[PDB]
């Protein structure tokens, strides 16, 4: 990589790894549209397997960006509309509180307080139906945002109904394949198990456990090369050949709601660029932050001068993606230890600010 890119990347990441005691990490910086990779440490400490450009990491919540784009692609295909009520795609959802709750609300965490997580006790599709039927909104739809995997997760499951494909089949055929993300998976196959890093939590090797709507909210595993291709795709949607996918990417970056300096997209979250690092560095220390939202009516189409980003974690991994369309600049950081979000954003900001 150009020495400048090399130098900022290393002087920022080495101290981060040391301060947070991260076992393994991979970073990609997209500069003027070209990817540069860096790797440190171990994918598997016991087996002394190093992190490489082929190592798979759990993306955790960064998976929501794929769900948002897959949903955008379904809208572009005319299979669903964000303005449709949730009950159009799940008729059995006859509980009256669902009247007025649209796919837009589900996708942007504005349905009225759906929970951060689907209860672990929900193990069957029947359990799932009961869970949503019995849920009691704390607020009217479209008035407050409460980050929720049960919200965007349900959106993903419903968005693929019209197609008749399973969520995984739809993700693979409509998003992974067209973008050539050949090393990105919802279920890691046996052929790839040797590249699947272990996550580390309190010194124990761990992999994310199965759960209701896991594919839709936190189930993707990917390599640093594929994630760099994912950022390139979202940086320049106009270069994507598949029509509906190009539109779906653009739709995921439209601004649907505003809370303070942040705007909510489908999966992606955005701030205006240039951004004050404090506005973003704007943490996982709060298990629930309910925030009033202002609807952007109609939504603002994807803005190039934005800091577009998404953080994610699983018990043993921590990831972060951020890019600036206007500068053809972006970064992906994947680690096999869940460490503080503020540290991720600060590191990413130091690197991208330096390169712009």
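Positions refer to the first chain, counted from 1.
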Task: residue 282 preceded by how many uncoordinated deposited residues after residue 281 - done: 1 to 3
Task: Absent coordinates between residue 282 and residue 283 - deposited residues affected, binned into four classes - done: 1 to 3
Open item on the list: Can you tell me whether 94 to 102 has a higher mean C-alpha B factor than 255 to 263 in this record, or the other way round?
Closed with: 94 to 102
Task: Greater mean Cα temperature factor according to the PDB record, 322 to 330 or 49 to 57 - done: 322 to 330
Task: Selection by C-alpha B-factor (highest) of 150, 125, 86, 222 - done: 125
Open item on the list: In terms of recorded Cα temperature factor, pick the maximum from 183, 161, 229, 145.
Closed with: 161
TODO: Just say lowest, middle or highest third for the CA B-factor of residue 239 relative to the other modelled residues in its chain.
DONE: highest
- [ ] Would you check the entry's CA temperature factor for residue 31 and let me know if it's in the chain's lowest, middle or highest third?
- [x] highest
Open item on the list: Could you place residue 9 in the lowest, middle or highest third of its chain by Cα temperature factor, using the values in the record?
Closed with: highest
TODO: Divide the modelled residues of the chain into thirds by Cα B-factor and specify which third, lowest, middle or highest, holds residue 202.
DONE: highest
TODO: Check where residue 110 lands among this chain's C-alpha B-factors and tell me if it's the lowest, middle or highest third.
DONE: lowest
